[PDB]
Amino acid sequence: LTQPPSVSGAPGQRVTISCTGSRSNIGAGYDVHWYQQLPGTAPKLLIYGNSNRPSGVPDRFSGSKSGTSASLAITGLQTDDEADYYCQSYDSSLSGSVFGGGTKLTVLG
Amino acid sequence: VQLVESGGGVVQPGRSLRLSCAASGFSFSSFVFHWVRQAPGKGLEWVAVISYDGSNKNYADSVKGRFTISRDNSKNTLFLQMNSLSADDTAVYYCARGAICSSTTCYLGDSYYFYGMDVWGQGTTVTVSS
Amino acid sequence: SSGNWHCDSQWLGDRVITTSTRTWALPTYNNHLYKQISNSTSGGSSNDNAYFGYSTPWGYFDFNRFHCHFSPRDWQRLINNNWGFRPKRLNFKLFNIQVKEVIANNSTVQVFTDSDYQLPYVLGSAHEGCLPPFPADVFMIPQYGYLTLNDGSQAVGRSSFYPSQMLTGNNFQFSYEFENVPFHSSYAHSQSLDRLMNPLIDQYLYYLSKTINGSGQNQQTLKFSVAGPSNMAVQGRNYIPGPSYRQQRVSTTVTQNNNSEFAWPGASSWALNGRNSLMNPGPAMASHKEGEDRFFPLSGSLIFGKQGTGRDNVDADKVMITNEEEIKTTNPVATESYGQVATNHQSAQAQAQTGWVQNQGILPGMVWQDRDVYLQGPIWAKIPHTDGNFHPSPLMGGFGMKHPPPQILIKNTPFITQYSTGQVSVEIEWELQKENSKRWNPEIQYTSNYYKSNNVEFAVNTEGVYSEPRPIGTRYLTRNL
Amino acid sequence: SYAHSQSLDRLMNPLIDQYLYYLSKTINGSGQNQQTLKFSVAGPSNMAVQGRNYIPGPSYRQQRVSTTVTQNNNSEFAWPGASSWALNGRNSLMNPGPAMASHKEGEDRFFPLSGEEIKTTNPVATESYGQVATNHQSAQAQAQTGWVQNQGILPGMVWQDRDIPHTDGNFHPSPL
Amino acid sequence: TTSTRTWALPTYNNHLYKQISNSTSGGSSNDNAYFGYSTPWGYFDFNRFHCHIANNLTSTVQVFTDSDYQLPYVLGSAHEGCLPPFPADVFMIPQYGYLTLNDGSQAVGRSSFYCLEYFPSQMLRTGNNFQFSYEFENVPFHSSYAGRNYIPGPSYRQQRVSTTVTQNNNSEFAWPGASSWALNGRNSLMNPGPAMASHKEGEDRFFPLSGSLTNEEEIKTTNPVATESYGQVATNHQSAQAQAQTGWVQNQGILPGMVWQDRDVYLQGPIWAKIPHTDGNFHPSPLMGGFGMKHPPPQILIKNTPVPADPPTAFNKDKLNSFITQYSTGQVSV
Amino acid sequence: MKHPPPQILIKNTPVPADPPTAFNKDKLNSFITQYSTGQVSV
Amino acid sequence: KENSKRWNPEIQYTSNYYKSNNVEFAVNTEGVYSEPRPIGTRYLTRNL
Amino acid sequence: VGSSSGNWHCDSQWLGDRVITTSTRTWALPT
Amino acid sequence: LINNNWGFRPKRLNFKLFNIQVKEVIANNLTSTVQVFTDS
């Protein structure tokens, strides 16, 4: 489970973040849950399940799973969308969940 | 619905401090809980995962044996007591509640795989330094 | 000794012979007495819980669960290689009898079979008391008892009240013949009933695309379109999905659910003689549609339980739930409506009205898959004797038989405190239906997790306790529809 | 030419728990955000919930009429309150109809308008066959149920008859 | 009966199996979601009643019939591609394609891919011929003709439409007011559905919305009208203080004692249908009319052996994509 | 040897103690203290 | 053949059942056949 | 010339201890 | 194969070559021959 050290995109565009995974991690079909946290604040579950947005979540925030590597595509980038995103998934061999390496989306406006 | 933390402090290397999480507004028993540790500049690290009623607990590797987990159902509290802290453990600790399940194994409904943590706590800074 | 220990499996051509030997112990039930039982003996407050019958001193032998006759390897060697199986011949042996007094040696054990099915057949209701899945275990024979007609807790005029070979160097055996039954299907259809079509070619049938010309007044018109590849929902079809009786969707995530009790009040049921009974497990229907795997129908599944779990108000993790996802091709989803019908005539003064079929009985053209069998699940059931039946296959799954394997009744001949221990070796023979598929790509089939673990699934722990980690189902292979 | 000594739902052994579990408790109780899914053994003490292999036979509900002229409604409902079938725009009363128990047990005064030893395998003529969930119970709204007045054939039905035209098909041709 | 015709078989998909799904046509509906394949093979469809430049001599034709029913069977979907009813016409052979499991348009792992080249098949030059003898399994006779113990057949109600538009409601109800059935979340129009009478006798200007391809009215003896209820039921108990209430039955499963007629066959209509291989079914006769069978006439699969163009002198491991343009023709007797 | 002498496995058939009166599905943990002896010739 | 009496079930080969753009060992939309992964022979287990 | 000298045989049979695999392909041979 | 069996090994080989065509650069050259043999 590895994420890009930084992703950067301008307002009014389409930003994508993707966490590639191992067989022990995503090969099994285990769901990949995405999280966001505004800096210095408690992290909030964003995309519970493979691609579902819970009640109280913006429609533009959408993510999927293919192969071993899940992807998350934010549309209509907003200032409020600049924050740290975290890809978690269960790892079979480890027997415990493994979060990603962390990512900071950069709104270029 | 609220989840808090307490017990943080300045430990210094080599000593233990209990770290407790009191929670109200939701049924304590029906949800599985996680602890997740965050270094200041490092991604979220999942410290431990304890099932409902505390029957089965499976630690992460790094902390194995130098932590313990106790969940008291009656007072709606989650207790994580640790031991033999080094300076690599200085970081925030978030009290989490697992709900969402990786799809295919939801029917088995195990203590683990509930890595979905819908809401979780304010965190507390436990700083291990001489 | 009057017998030997036979456990093995013989994979021979299109046949498989399974043989299981277990040591058992039989105590005295009801102190050698017959006794009336009813709900009032428990107080019987609910009419739905009302029952009447008698407890007997007799024991009986229940091998009706698959895990008695198939090791987890054999169940794997089976389900991945074959499109179907079904029992042919049964063979049963009771040898090595030993009688004790309370502990010193002694007496006879009485045992008999019901060939004409005269006594009440209690086996097909999936009761506990089965032979233990792990050969080293010793299974206490469960008591026999039965129920009959009743009104409230009282009996009624029609209610009924109900020769044996005697045995310590003696043995008991018989052979049993399974009547012809269809192969229990163990495959998933590659195609869904509504996708059978050739996507590349048009149909010659027509459907009505436009019922008005445009926006305005007096726009009514008839415009027709060829049913074709672009629009596949409207094409004509020769067959329709099987019957349905709706179940209330339950969210395996506690938060999604409603914050009120709805177990009984919101459950499906059928009504018989003023007594409502939960519809369980019910007709075969796919648990959940693709895209939501976390929901399950309420009673539409068979919910087993893990080792060390039992009795009342256990937690969610403890019980293991079976999955009926594979039959989603030919069958309506359990917690979804069958479809829609029109409820009125369109006038020029009234718009069309539709309604949601909740349940639909058989219609010409309905096809279906029956409920999958599990290693922990039952094998056969007894078709009731009635005027007529439809598709007698049992609703928990397995092979319906008008003449299923007979019961084996057993008791100790009587007092002195006494109990009997013994041996049992039961042998069933199965016919196999081989996999003929021409499918090019490799198919999904059962496998163990190669990654490191504390323990081995389907193996004993450090205390010797044996446990079966997950429900295992027969349908892994794929056929064309 | 006989009657059963056993009801369809009591075929169980009274002395033994099934290995099957059901949903015993949706709500922990008395609080907001207090919902827990507890499971329990199906057993003798609760005989409504146990899994069963066979279900009782089909039903098309009959209106109910009682012998005592007072218990009956003070109106004439013989044609208006009758269950019929409609063939070529002409309505024909359903007589006698499929085989159903003429009354619930213990009540001898009521009889089906166009209709008692079949009661064990067959739904009472006057009584609805069962209930069906009519939606998904998911927080915003509580679970609902409908009443099933008539029920066609289902795999696992067994039924009794009452105590052949030339056509493409017929089911259970025994004359009604 | 005997039929003889003439056919022309092209090269489909450049002799390539090509994955297809609604993502090619955009698939704006969940109802239409499909994932499947398309083959260069063609096939012969005689399933309808009214059916009953230079020369390269070395180049060959490939034909096989699948008698184990191992391929998807597309002849029971009432597709076009029939032999012409008129014996002097020349017809084109439809391309073979099938479908498999999907979630949306994407494939589940349970999806099944088939290479038709991986069946044994017969190869024919210009002098060779092909024949086989299929034996039909026993089916019932199709019936062509016009206090109670028996009741009319099943019903799944259709909405009524008038032929003169003025009697039809001023709204778009083709799909919204349609009758359908649900399968794993996708709604599929009910067509034609159960066999039912197209109208009440005396009203001939009314037809079922999706119930008829034609008019079935000959069956109004033993079958209820598609657009009418099956009948009425009591929904309650009467009492002194509660009047008798009833409600309409808009869909009716099979009942003991019922009798019904099947759907009629037409000169244009299909003959047979394949009964899917499953656990259980009832009155297997196909709902579009004709003879139900577990073992219909096998699919006759046909394609032209590809003839490659000039390969380069140096060796290149890529499969040859340059083929000589070729097509075939001949005569078909059935 | 690719086929040495086969391992000769032996154990006593466990004999249960007094089983309780009402049926208990749990496998029996109670057994009679016992051992066996005999002669072996090779 | 294998006469193995091992109780616990083997490691086998499977096609992972999860929604995917294409099927493994099948043809993509241009008909290019693809073998996604190498497959070894050793899955069943023996004693030493 | 107008004679076909072989058919297209591609299949596999599973018989006892044996497995029979037949693979047919088309080739093109330059100079 | 690999799922159900401990070992496999080839026994016999049967090879065939047929439906020869020869081209000229494109039309049929019907008199040309193809040299094919095995070294046993």
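Where a number appears in this text, it was derived from the coordinates with a stated rule and is not lab data. Here Cβ is always computed from backbone atoms with ideal geometry, including for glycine, and neighbour counts include all displayed protein chains.
What to note about this one:
- In the set (1) within 8 Å of chain C (Cβ to nearest Cβ); (2) under 14 Å from the mean Cα position of the chain (by Cα), the condition left unmet by D:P155 is number (2).
- Scanning the stretch C:22-36 for residues that are of a type outside the set (S, T, Y) and in a strand (DSSP E or B) returns C:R22, C:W24, C:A25, C:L26, C:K35, C:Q36.
- Test set (1) within 9 Å of another protein chain (Cβ to nearest Cβ); (2) surrounded by 22 or more Cβ atoms within 10 Å (Cβ to Cβ); (3) touching a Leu at 6+ places or on another chain (Cβ under 9 Å) - E:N47 fails condition number: (1)
- Qualifying residue in the stretch C:2-9 (condition: more than 30 Å from C:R470 (Cβ to Cβ) and in contact with a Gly (Cβ under 9 Å, 6 or more places away or on another chain)): yes
- Considering residues of the stretch C:185-199 that are facing chain E (nearest Cβ under 7 Å), of a type outside the set (G, A, S) and outside any loop (DSSP other than H, G, I, E, B) only, the residue nearest to the chain's Cα centre (by Cα): C:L193
- Count of the stretch G:26-48 residues which are closer than 30 Å to E:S25 by Cα and not hydroxyl-bearing (S, T, Y): 8
- Contacts under 8 angstrom Cβ, first residue in the stretch B:1-12 being within 27 Å of D:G31 (Cβ to Cβ), partner among the aromatic types (F, W, Y), 6 or more apart: B:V1/B:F26; B:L3/B:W120; B:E5/B:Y93; B:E5/B:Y94
- The set of residues from the stretch A:59-84 being within 10 Å of another protein chain (Cβ to nearest Cβ) and assigned to a strand (DSSP E or B) comprises A:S64, A:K65, A:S66, A:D84.
- Search result, residues across the stretch E:198-236 that are small (G, A, S) and under 15 Å from E:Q250 (Cα atoms): E:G211, E:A226, E:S229, E:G231, E:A234
- Checking each residue in the stretch C:326-353 for being surrounded by fewer than 21 Cβ atoms within 10 Å (Cβ to Cβ) and more than 14 Å from chain D (Cβ to nearest Cβ) picks out C:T343, C:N344, C:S347, C:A348, C:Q349, C:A350, C:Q351, C:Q353.
- The residue that is surrounded by the fewest Cβ atoms within 10 Å (Cβ to Cβ), among those in the stretch C:289-313 that are within 12 Å of chain B (Cβ to nearest Cβ) and basic (K, R), is C:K306.
- Candidate set from the stretch B:110-130 (those that are more than 19 Å from A:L45 (Cβ to Cβ) and of a type outside the set (A, V, I, L, M)); member that is surrounded by the fewest Cβ atoms within 10 Å (Cβ to Cβ): B:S130
- Taking the criterion of being within 13 Å of chain G (Cβ to nearest Cβ), among the hydrophobic types (A, V, I, L, M, F, W, C) and either surrounded by fewer than 17 Cβ atoms within 10 Å (Cβ to Cβ) or out of contact with any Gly (no Cβ under 8 Å at 6 or more places or on another chain) (or both), the residues of the stretch C:425-472 that qualify are C:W440, C:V456, C:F458, C:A459, C:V460, C:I472.
- Qualifying residue in the stretch C:398-416 (condition: assigned to a loop (DSSP other than H, G, I, E, B) and within 27 Å of E:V108 (Cα to Cα)): no
- Condition met for G:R42 (over 23 Å from E:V108 (Cβ atoms), basic (K, R), more than 12 Å from the chain's Cα centre (by Cα) and surrounded by fewer than 16 Cβ atoms within 10 Å (Cβ to Cβ)): no
- Filter result for D:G169 (over 23 Å from C:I383 (Cα atoms) and either surrounded by fewer than 21 Cβ atoms within 10 Å (Cβ to Cβ) or not hydroxyl-bearing (S, T, Y) (or both)): yes
- Filter result for G:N3 (over 27 Å from H:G16 (Cβ atoms) and either more than 7 Å from every other protein chain (Cβ to nearest Cβ) or surrounded by 13 or more Cβ atoms within 10 Å (Cβ to Cβ) (or both)): no
- Subset tally (residues that are farther than 30 Å from E:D264 by Cα and of a type in the set (A, V, I, L, M, F, W, C)) for the stretch D:134-171: 8
- The single residue among E:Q62, E:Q19, E:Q70 that is in a strand (DSSP E or B), touching a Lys or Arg at 6+ places or on another chain (Cβ under 7 Å) and of a type outside the set (G, A, S) turns out to be E:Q62.
- Any hit, the stretch F:11-26, residues being in a loop (DSSP other than H, G, I, E, B), small (G, A, S) and more than 9 Å from chain C (Cβ to nearest Cβ): no
- I:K23 satisfies every condition listed in (1) loosely packed, with under 12 Cβ neighbours inside 10 Å; (2) of a type in the set (D, E, K, R); (3) more than 30 Å from C:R73 (Cβ to Cβ) except (1).
- Boolean, C:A286 is over 19 Å from the mean Cα position of the chain (by Cα), within 30 Å of E:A178 (Cβ to Cβ) and surrounded by 24 or more Cβ atoms within 10 Å (Cβ to Cβ): no
- Condition check for G:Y13: at the interface with chain E (Cβ under 7 Å from one of its Cβ atoms) and either surrounded by fewer than 17 Cβ atoms within 10 Å (Cβ to Cβ) or in a loop (DSSP other than H, G, I, E, B) (or both): no
- C:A316 vs. criteria surrounded by fewer than 22 Cβ atoms within 10 Å (Cβ to Cβ) and hydrophobic (A, V, I, L, M, F, W, C): yes
- The set of residues in the stretch C:214-256 being of a type in the set (V, I, T) and part of a strand (DSSP E or B) consists of C:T221, C:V226, C:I240, C:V250.
- Subset of the stretch C:277-288 [touching a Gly at 6+ places or on another chain (Cβ under 8 Å) and more than 7 Å from every other protein chain (Cβ to nearest Cβ)]: C:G282, C:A284, C:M285, C:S287
Matching residues to (1) among the acidic types (D, E); (2) surrounded by fewer than 22 Cβ atoms within 10 Å (Cβ to Cβ); (3) over 24 Å from B:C95 (Cα atoms):
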site	(1), (2), (3)
A:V32	no, no, no
A:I47	no, no, no
A:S55	no, yes, no
A:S62	no, yes, yes
A:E82	yes, yes, yes
A:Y86	no, no, no
